[PDB]
Amino acid sequence: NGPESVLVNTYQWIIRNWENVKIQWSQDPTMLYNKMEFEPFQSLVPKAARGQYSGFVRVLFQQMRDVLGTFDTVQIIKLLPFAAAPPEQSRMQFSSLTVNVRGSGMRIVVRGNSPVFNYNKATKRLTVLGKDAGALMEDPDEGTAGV
Amino acid sequence: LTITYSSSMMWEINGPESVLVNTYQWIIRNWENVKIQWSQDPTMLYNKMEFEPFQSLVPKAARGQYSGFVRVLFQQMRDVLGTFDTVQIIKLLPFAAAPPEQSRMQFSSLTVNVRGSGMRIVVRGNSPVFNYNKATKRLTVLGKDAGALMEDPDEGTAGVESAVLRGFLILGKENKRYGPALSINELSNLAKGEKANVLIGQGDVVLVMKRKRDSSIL
Amino acid sequence: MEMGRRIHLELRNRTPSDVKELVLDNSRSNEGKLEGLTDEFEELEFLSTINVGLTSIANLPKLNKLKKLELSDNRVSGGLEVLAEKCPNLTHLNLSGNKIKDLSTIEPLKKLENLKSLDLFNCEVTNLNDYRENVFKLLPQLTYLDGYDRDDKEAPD
Amino acid sequence: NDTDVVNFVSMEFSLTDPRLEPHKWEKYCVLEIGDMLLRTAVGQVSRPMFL
Amino acid sequence: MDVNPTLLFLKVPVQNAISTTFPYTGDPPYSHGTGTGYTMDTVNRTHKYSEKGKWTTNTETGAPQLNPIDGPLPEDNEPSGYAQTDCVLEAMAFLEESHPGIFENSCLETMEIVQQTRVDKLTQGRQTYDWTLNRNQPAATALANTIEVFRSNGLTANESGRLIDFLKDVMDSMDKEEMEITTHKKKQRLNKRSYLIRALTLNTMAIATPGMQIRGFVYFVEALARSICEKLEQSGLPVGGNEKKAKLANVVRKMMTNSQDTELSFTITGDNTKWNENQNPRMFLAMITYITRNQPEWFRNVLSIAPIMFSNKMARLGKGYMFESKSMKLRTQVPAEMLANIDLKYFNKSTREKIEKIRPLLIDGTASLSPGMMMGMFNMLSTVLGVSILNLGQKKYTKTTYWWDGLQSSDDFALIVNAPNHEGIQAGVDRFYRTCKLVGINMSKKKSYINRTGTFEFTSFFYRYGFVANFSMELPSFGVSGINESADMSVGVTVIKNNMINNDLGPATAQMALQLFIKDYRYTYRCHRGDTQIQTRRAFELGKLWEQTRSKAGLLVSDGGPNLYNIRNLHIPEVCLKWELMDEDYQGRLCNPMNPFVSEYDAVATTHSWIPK
Amino acid sequence: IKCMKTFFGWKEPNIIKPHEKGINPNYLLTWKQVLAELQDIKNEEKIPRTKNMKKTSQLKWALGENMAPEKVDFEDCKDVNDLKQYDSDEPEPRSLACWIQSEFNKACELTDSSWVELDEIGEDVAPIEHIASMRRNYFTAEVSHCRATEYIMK
C-alpha cells in the first residue's frame, strides 16, 4: 500500500463516517481519539513528536468547541488523525506538522491548503498528494445539504 | 631574495591569496586581544582597519548582508554561552566589517574573490579556503600556513554549536526519531522552540532547534 | 447569484457586525460597482472577492478593521485613493489578474503604511523592466512582493 | 552530413496562461499536467501548471 | 521603463558604440547565400548590366560570349559595365607617371618567384574542383589525382617539381584532343570540348572555386598585383591592423591640415557592393599587357594566361533543385545537368523567369559567363584599378580648383574632396563619380554618405577625430585543438597572444578568453586542480600528484597545477614557465627520455606530448 | 528523476491550447509515455547511464518519423498533379507584438544565482593588467546574476 496511499485511505475512511465522527467529536472526543483505525497514520508521524502534535490538536479542538460560530469542517478533517497519541503538554504554537512519506518529511499547514492536503472550495473537492480523495456534502454556508 | 611585509597596509601587494593568509595570520597572532575585544566591545573590533583588505575581496553586492549574518550569528554565540568554538570565530570574524543590514538569507557558504575566480568558504566544517586540522591543531589557508590556534578558556566539548545556523541551535548528531531531514529553506516555517533533523550539508544530518529568543544588532 | 443575496447568505442570519471573514466568490455586481456592503460591517478582517465582475472599487465602505483585502481575477482599474482613505489599515492585499496600466495608477497605495504584502500577477505593470525593484522603491513599507521579499525569499505566515 | 537535421520533441514546464496572448503560441501544444501551490499574501493558492 | 539599447546613442556618439551593431561576431549557423537560384541571379545580372554589349559565338567552348567594353556610354545612374579600354589604359599610364618604374620593379622582382615556386605550392589553398571526379575536393588529393592522370596520359614533365613545368604540362594536356580518366576500373574518355569545358569550370558549394588548370596563373597574377600594391600608398592591402589604422589618419592629415582655412573639405564613404559584375577579364588582360611593357615574352604569356582563360570561364549551377508534393507527401531532387530541358510549371514566377533568362547559355549543364568576375580571385588587381582612379584626382590631373584623394580596398572606399565652395565640392564629387563610372567602377548611391571631414569609415575601421575602431575580425575558437596537452596549451596560448597583438582584442576580453580556455581544457582532458572538489577517474592519480609535489605552482596545468598565465606572460612556453618551480624529482620524472610513450608551436618535449591512438 | 520526485501536483493531462496545424492527441500520449517510462525506471534496480524510449506510434508521430516524405527519383514522380518546387516563398508579414519587448525586459533583469563559474589565472603585475582585471571583475560581478547567463548555460 505505502504511506502515499495510506494517507488517502485514512482521509477516505474519515470522510465516509463524517456524521458519526462529528457526533463523537461534539460529544465524546476521547473514544474517537482512541479509535483503532488511526494506528497506521501515527506510524508515519515520528515517534519523538507524536505526543506534541496530539496535544496541540487536542487543545485546538478544546478552543474550537469553547467558541461557537466559527465551525470549520476542513480543519477538523485535516487535523483529526493527529489526535490519536498520548497528548503530552506543550506550549509552542505549531504551524507545520511533519508527515513522514517514504523517507521524505512532508508537512501540513494548519491554516490554508498544503500539498499533502489540498481542498478546493470552488469545486469543494479534496485530494491528498495529488491523488483523488473525495468531496464534502455541503453547498450553502449554514450547515445544510438540502440544496 | 624573498622580502616580507608584516604591516597592516602591505598585505594587498602579494595577491588576494596573500591578503587572506595575512589577515588570518594577524587574527591568530592577536588571538588573546581579539578575543577580549570581541567579548567586551565587539563593535570597535568590527571597525578595525586591519580588516580593510578582506572587505575588498568580499563582493560589494553581498558584503552588507554577509556582515549582518555574521553579526547576528556572533550575537547568538555571545548570548547562548557554553558552546564556544575558537575555529569558527577566527574563520568567520572578518566578514562583519561592513555596516550590516537586516536579511533573511541563511548563508551556507560565503564567497571570496581570489584571482578573479571566486572561492567559497563554508560556515560549518572545513573548506579549501579555510582548513583546520585538529589532529595536529594547524590552520591552513589555501595551502599556506597561517599560524596555530590555542583553545581559549571557553568551549563546549559535548555537541551544541550555536554559531552555524542563524536563529537556530545545532544539537550535534542526528536522531532518526525526530522529523526526517528537512531543507534549509523550509526551516523558515518552524515555530519557536521547534526541533527538526535538518540536512546541513555534505553527507551528515544535524539536529537543530529553533531559538525561542531573538538576537539583535545595531 | 447576485451580490446582496450572497452577502445575506454569508451573514448566516446574523447582524452585519460579528463577521471576521467574508467570502464572495464567483458573485456578480451590477454596472461593475460594489453593492450591498455598508458601514454596518465593522468586524470584518479577511475579505475575498474573486470573479465578481467589478469594474472598480468605488463603493467600498469604511471597513476600518479591513486587513486582508483581496481583489483577484477581476478587471479593476482606476484611482485607488478610495482604498487609501476608506480602509487605511490594510495589511495584506491581492490584485492578481487585475487590469492596471503602470505605476502612475498604483502610486496611491503608498499611503497605507501597514501593507506588509502586495501581490500582483498577470498584470500589465509586471511587464515593465525592473518591475519588482521599482515597485519596492514606490512602496518602501512593502516587505513581500508577489509572495517574495526584496531578496527572493518565500514569505511564511 | 553536418547539416543533417535531427528531429526532436521538447516538453517544457511553465506557469503562464496561454489564453492571455495565444498568438504568441502558435507552434506549441499546451497541456495542463498539474497544479502548483504558490505562497501569496492570502496563503497558498493553487494555480495550473502548464506544459 | 522598457529597455531600449539604441537610446544609448542619444548621448554617446555612435562611433564609440559601433560594436553594439555587430550582432554575431561569429559564424552564423544557417549559411544563407549558396545554392542554385543565387547562381542564376548572378549570371542574369552580369549579362543584364552588359545589355548593349556585343554578342558573339565562341569557337572552342561553343558557347555565346558578351563583350561590353567600349560599348555606349551609360546615360542613367544605373550600374553600367561599359568600361572603355582607352580610359583604363590612360589611367594606368597616369598611375605609372605619378609613380615611375613601379610596374618595372614589380615585374623584375616577381620573375624570380615565377621561376622559383614549386609544384607543392598549389597544395595550399581552399577547396578545388576535381575534373577527374567532378566535385569539390581538397587541393592535395586533387593534385595527386591530376599528376596521376597526366602520368597515365604521358605528360610527366611536371615531375621536375617546378610550378611552371606543371603549367606547361597543363597547357599540353589542354592541347590534346582527348584524355582518359581511370576511376576505381571505370574508364571515361573526355573529348577536347568536354575537357576544355571541365577545365574552365567554376564550382559553387571566395564563393566560386576554379579548377586546377587555372590555379598557378591566378597565383602569378595575384602575386604581381600584390607587388604593385605594396608600392602603392592608397592600396588597402595586404597591410594588417596598425598600418591600416595609420592609413586613415595619414590621409585625413594630408587632406585637411594642408588645406587653407577658407577651403571646405568633405568626405564620402561608399560601399562597392556586387563589385564583380562590371569588371571584365578582358580589361584585366589589357591592364596586364600594359603592366608588362618591354618585358620577356614568356613572362608576359604566363601572366596573361589567367585573364585569357577566365574570359571563357564556365560557371557550374549548384547541386540542383528539390521538389515536394504535399498531396502524396513525396520528396525528390533533380540535378542541374537536367535543368536545360525541363518543364517550367514546377517553379514559381520568379524562378521560371530566371530559368527563361538563363536557358540559352547552359552548355553541358554549365552556363557560360564571359563578362563580370567572381569573388576573391583578382582582388588585388581591382585594388590597383581603384588606386589608379584615385591617383587621377591630384591637383595636376584634375586641372580644377577642387581636388580629392582617399582609399580603396576593393570592398569599401572612402574619398575626401575639398574645394573653395560648396559648388566646388559638388563639382568634385560629380566628376569623380563620372570618371569612376567610365572605367567601370560602380559607386552605390544607396549605401554611401557625405559629411564634413573628420568622421568616416573604411573596411569597418570606423574613424572619428583621429580615433580608429577596427572591427574587421571575429573572435576565434578558444578551445582544445585536439593534439595533446602541451601542444593544445601552446597553440591556444599563442593564438590568444597573436589575436591580442594585431586583431585589436581588449586585455580584459583576453583574460576572459584565457579563463574559458582553462575551463574547456580542464573539462576536455579531465585534469582539474587538486584543491577543486570535482570528481573523475583521472582525479585519483592526479590527486596523488597534488599530495606528492612540494610546489603546487610548479605542476603543469595539465597535471593539475594552477594556471599562472596572464597578459604579461603569454608567449612563454608552459613547460618553460614552470621550469624552476618544478620539483627536481618531478622534473626528472616528467622529462625522462627513456619513457615508453615516445619511441608550428613552441613547446618542450615532455612526456605529456603523445600521439592519440 | 530526483527533481521530478519533488513535485506531487500531477493531474490527468488535458489540452488547453491545441496545436492548430499539427497533432494534438499524440503529444498527450507521448507525455503519458514519458511519465510511465520514468515510473518503470524507478521500478528498476541496476539503472544504466541512459534509457532509450521504446518505439511507439505516438512517439513516431510526435517526432515526425511517420510524417516524413519518402525518397524516390524524379523519373517515378514527375507525373504528379501537385508536384512543386519547395515552398521558397517569402513568409507572410507579421505585425509587431508587445511580447518580445517584455521578453527582453525580463531578460535584462537581475537574477539571484551564480550562473557562470570561471577558472583562475595568473597574478597581475603591470598597471595595465590591474586596469584589465578591474574592468573584467566589475563587468563579471555586474552580469553574473543576469538571466542572460541562465539562458546561456541552459
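Laid out as a table, the results:
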item: Helices (runs of 4 or more DSSP H) (entirely within the range A:1-67) containing at least 1 residues that are basic (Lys, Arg); result: A:2-16, A:18-27, A:50-66
item: The range E:505-528 residues that are more than 9 Å from every other protein chain (Cβ to nearest Cβ), paired with ones that are basic (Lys, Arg) (beta carbon under 9 Å, 6 or more apart); result: E:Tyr525/E:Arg538; E:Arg526/E:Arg537; E:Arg526/E:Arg538; E:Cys527/E:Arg538; E:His528/E:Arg522; E:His528/E:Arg538
item: Yes/no for F:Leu83 being closer than 30 Å to E:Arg568 by Cβ, within 14 Å of chain E (Cβ to nearest Cβ) and surrounded by 15 or more Cβ atoms within 10 Å (Cβ to Cβ); result: no
item: Pairs with Cβ under 7 Å, 6+ apart, first in the range C:19-39 and within 10 Å of chain A (Cβ to nearest Cβ) and closer than 20 Å to C:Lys67 by Cα, second of a type in the set (A, V, I, L, M) and assigned to a strand (DSSP E or B); result: C:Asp25/C:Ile50
item: Residue match in the range B:146-155 (condition: closer than 30 Å to E:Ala508 by Cα and either away from chain A (no Cβ under 14 Å) or aliphatic (A, V, I, L, M) (or both)); result: no
item: Options A:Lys35, A:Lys22: the member that is surrounded by fewer than 18 Cβ atoms within 10 Å (Cβ to Cβ), away from every other protein chain (no Cβ under 14 Å) and touching a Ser or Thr at 6+ places or on another chain (Cβ under 9 Å); result: A:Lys22
item: Subset of the range B:174-218 that is in a loop (DSSP other than H, G, I, E, B), hydrophobic (A, V, I, L, M, F, W, C) and under 22 Å from the mean Cα position of the chain (by Cα) - its residue that is farthest from the other protein chains (Cβ to nearest Cβ); result: B:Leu218
item: Some residue of the range D:9-24 being among the charged types (D, E, K, R), within 14 Å of chain A (Cβ to nearest Cβ) and either surrounded by fewer than 17 Cβ atoms within 10 Å (Cβ to Cβ) or under 22 Å from A:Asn113 (Cβ atoms) (or both); result: no
item: Among the candidates C:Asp157, C:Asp119, C:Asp73, residue that is in contact with a strand residue (DSSP E or B) (Cβ under 9 Å, 6 or more places away or on another chain), within 28 Å of C:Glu42 (Cβ to Cβ) and loosely packed, with under 15 Cβ neighbours inside 10 Å; result: C:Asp157
item: Every residue from the range E:65-96 that is surrounded by 13 or more Cβ atoms within 10 Å (Cβ to Cβ) and among the acidic types (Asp, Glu); result: E:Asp70, E:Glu90, E:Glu96
item: Selected residue [in contact with an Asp or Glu (Cβ under 8 Å, 6 or more places away or on another chain) and over 30 Å from E:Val439 (Cα atoms)] from E:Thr332, E:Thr351; result: E:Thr332
item: Condition met for B:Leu110 (closer than 30 Å to B:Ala158 by Cβ, aliphatic (A, V, I, L, M) and away from chain F (no Cβ under 14 Å)); result: no
item: Subset of the range E:427-449 [surrounded by 15 or more Cβ atoms within 10 Å (Cβ to Cβ) and over 19 Å from E:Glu78 (Cβ atoms)]; result: E:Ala427, E:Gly428, E:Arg431
item: Those residues of the range F:21-49 which are part of a loop (DSSP other than H, G, I, E, B) and either within 25 Å of D:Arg47 (Cα to Cα) or under 20 Å from the mean Cα position of the chain (by Cα) (or both), in sequence order; result: F:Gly22, F:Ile23, F:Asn24
item: Helices (runs of 4 or more DSSP H) lying entirely in the range E:25-135 (those with 3 or more residues that are over 25 Å from E:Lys313 (Cβ atoms) and of a type in the set (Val, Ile, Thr)); result: none
item: Residue identified as within 12 Å of chain E (Cβ to nearest Cβ) and farther than 21 Å from B:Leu57 by Cβ among F:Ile128, F:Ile121; result: F:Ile128
item: Condition met for E:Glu580 (among the acidic types (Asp, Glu), away from chain F (no Cβ under 14 Å) and outside any loop (DSSP other than H, G, I, E, B)); result: no
item: Among the candidates B:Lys91, B:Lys134, residue that is away from chain F (no Cβ under 14 Å), among the charged types (D, E, K, R), in contact with a helix residue (DSSP H, G or I) (Cβ under 9 Å, 6 or more places away or on another chain) and under 19 Å from B:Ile36 (Cα atoms); result: B:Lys91
item: Test: residue in the range E:528-550 that is assigned to a helix (DSSP H, G or I) and β-branched (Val, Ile, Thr); result: no
item: Residue count, the range F:134-154 (criterion: at the interface with another protein chain (Cβ under 7 Å from one of its Cβ atoms) and either surrounded by 18 or more Cβ atoms within 10 Å (Cβ to Cβ) or in a loop (DSSP other than H, G, I, E, B) (or both)); result: 1
item: Of residues in the range F:115-130 being aliphatic (A, V, I, L, M) and assigned to a loop (DSSP other than H, G, I, E, B), the one nearest to F:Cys146 (Cα to Cα); result: F:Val116
item: Test: F:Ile47 is facing chain D (nearest Cβ under 9 Å) and touching a helix residue (DSSP H, G or I) at 6+ places or on another chain (Cβ under 7 Å); result: no
item: Odd one out for D:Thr3, checked against (1) more than 19 Å from the chain's Cα centre (by Cα); (2) within 14 Å of chain A (Cβ to nearest Cβ); (3) β-branched (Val, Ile, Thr); result: (2)
item: Subset of the range E:569-592 that is in contact with a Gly (Cβ under 7 Å, 6 or more places away or on another chain) and farther than 18 Å from F:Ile121 by Cβ - its residue that is surrounded by the most Cβ atoms within 10 Å (Cβ to Cβ); result: E:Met582
item: In the range F:50-75, residue surrounded by the fewest Cβ atoms within 10 Å (Cβ to Cβ) [restricted to those that are in a loop (DSSP other than H, G, I, E, B) and within 14 Å of chain E (Cβ to nearest Cβ)]; result: F:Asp73
item: Selection from the range F:96-114 of residues that are facing another protein chain (nearest Cβ under 8 Å), surrounded by 13 or more Cβ atoms within 10 Å (Cβ to Cβ) and in a loop (DSSP other than H, G, I, E, B); result: F:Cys108, F:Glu109
item: Among the residues listed as E:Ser325, E:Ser350, E:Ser370, E:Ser410, the single one being closer than 19 Å to E:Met92 by Cβ and either under 34 Å from the mean Cα position of the chain (by Cα) or within 14 Å of another protein chain (Cβ to nearest Cβ) (or both); result: E:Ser410
item: Qualifying residue in the range D:37-51 (condition: more than 14 Å from chain A (Cβ to nearest Cβ), farther than 24 Å from C:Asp157 by Cα, touching a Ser or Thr at 6+ places or on another chain (Cβ under 6 Å) and not charged (D, E, K, R)); result: yes
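All Cβ positions, even for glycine, are placed from backbone atoms using ideal geometry, and neighbour counts span all protein chains on display. Bear in mind that the values in this text are calculations on the coordinates, not laboratory data.
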